[PDB]
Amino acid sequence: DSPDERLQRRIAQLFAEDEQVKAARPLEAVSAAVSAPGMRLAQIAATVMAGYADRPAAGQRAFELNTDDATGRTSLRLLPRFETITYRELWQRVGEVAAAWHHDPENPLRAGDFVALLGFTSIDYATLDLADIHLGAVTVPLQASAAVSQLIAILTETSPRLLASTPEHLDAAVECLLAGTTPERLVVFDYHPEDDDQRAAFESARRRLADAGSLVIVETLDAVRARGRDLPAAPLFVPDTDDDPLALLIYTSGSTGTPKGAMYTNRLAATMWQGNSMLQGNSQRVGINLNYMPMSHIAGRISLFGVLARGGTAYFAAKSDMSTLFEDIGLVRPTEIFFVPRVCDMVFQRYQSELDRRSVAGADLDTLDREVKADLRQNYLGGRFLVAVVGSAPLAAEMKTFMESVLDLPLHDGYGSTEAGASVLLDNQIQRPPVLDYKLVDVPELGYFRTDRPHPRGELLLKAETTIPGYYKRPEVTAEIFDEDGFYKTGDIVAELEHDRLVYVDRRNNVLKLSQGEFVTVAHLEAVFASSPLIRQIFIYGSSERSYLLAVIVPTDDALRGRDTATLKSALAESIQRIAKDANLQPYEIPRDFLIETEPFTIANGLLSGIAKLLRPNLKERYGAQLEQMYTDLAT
């Protein structure tokens, strides 16, 4: 069997033996209806919900409430299984919310009003999101990672009439409202009043707003639906054929703090359903997936909407910090996955741990490795993967090879952006559609030229059907992302192998010139060193005044075990050297010294984004002083 033949053989067994997978094949009549010319965003949703009515649409983990008789506290506790809701039931919930908002006797919502949502991803989140779509309200999915000051700025700029929040974000939400922002109602969702912690947050919100003399109505999503259940059906918002109104703002920061609201019109939002991408809906692939990325990111919206578009089932991860990710994947057994490199890291770290534990005397090492990967593939990852994509950040060549040997299928490298669209580059190939044209521009100061070495290099400029028109209420910032000829400037350096074949290098702003005149690509190198078995996380740092790099390294638990600081450092240094040799790195690409950090980078401490990407500005603010001091200590 060839590698594709192995894959096709696994897939046929699945369609022969697995009733869940068979029952979830997309219906071509539904897909054709969705694809029809003239279909607007809400018409797509309604058509999908009607076409797949009796199928399971969405799942989340079952739960129980537990009272501790010592503390007297009642706490929600997750069970190791998922429960689903049908398309019919989801759309019914959506219709209840839309009715409640449209037919409110005093202050109803109208098309074009902004609605702000503070959460992760969940059935309730999907319900609010689709209800916005139903009424043509503009969704503003706020990043849970944002600081309150940033949230206030966003709300000030968008003037939402409604703010919805999960209990754990009620602290931030109340501060936003006490600051005199525009929302008229605060809707609490993902809410279980039987949990004492959640109930206390909800009561506190209610109390604090009342005490401040706020006229905000605080209410539960369940109560909104109860209202809507006794109101007439709401109209479905369908813009006229010549109009493409705003439907969604996706806030995105880049390097520098400064969140900007990427404008997603009705047509752009619809591509999340019916689009080109591997994981968007223009496909007959069975979509059973685990949604673990927030709805505040485009990859999280695609992972939901692209699956709904194909009549599949979207399961929502229980926690936003990936701490339940593999328990969830093992239960869901998805047919498809969008990896981010941090998840690949976790799979690699599981592999290393299991391989070490099982490499006992008398183990056959020429066999064990295969068995450890088979166990990962079949059990840890569910054993039903038909396809796998990695995106959002670079994955090192060796880690890609590793992941393919575990998955035993291709790991497609998908390059895209909030500004440009998800498709753009797939396995180094320009995707047409949506790309219309592209151009490489020289960046003399970074040493990238059309006349370069084996391949032309430079900044990628593109035109695509999926590019945003600009950022909301930011005329200046908008004008700088487009050149005189209308090309979107990606900020990304690429190498052009042939026409329509491009290799991603790094962000322009990550390209660092060392003092001796060599260029290093800092995020690319971070990815390379992910392949160290001793490294849990790594941040690479350099200064153009220096001839070498430094790093902040979070070691694995096993790396730490039974080692003092000095021996840990030498072990890390030895590993870095091996990894470097394997990846054929130049000596100037190798960190010469580093800080050991035993506290991992997380969303909670501001060092990771909501999709587990290193936040470089926050890492520089956190460690920059210590790192420049290390430079100084080494110089003296």
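Each residue number is its position in the shown sequence, starting from 1.
With 244-252 and 447-455 compared on mean CA B-factor from the PDB entry, the stretch scoring higher is 447-455. In this entry, 67-75 has the higher mean Cα B-factor, the comparison being between 92-100 and 67-75.
Of all the options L607, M39, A57, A46, the entry's greatest CA B-factor is assigned to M39. Set against one another, the Cα B-factors of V140, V441, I553, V286 in the record reach their highest point at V441.
Annotation for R592: C-alpha temperature factor in the highest third relative to the rest of the modelled chain, per the entry.
Annotation for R310: CA B-factor lies in the lowest third of the chain's modelled residues. The deposited CA B-factor of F487 belongs to the highest third of values across its chain.
Annotation for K569: C-alpha temperature factor in the middle third relative to the rest of the modelled chain, per the entry. Annotation for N510: C-alpha temperature factor in the middle third relative to the rest of the modelled chain, per the entry.
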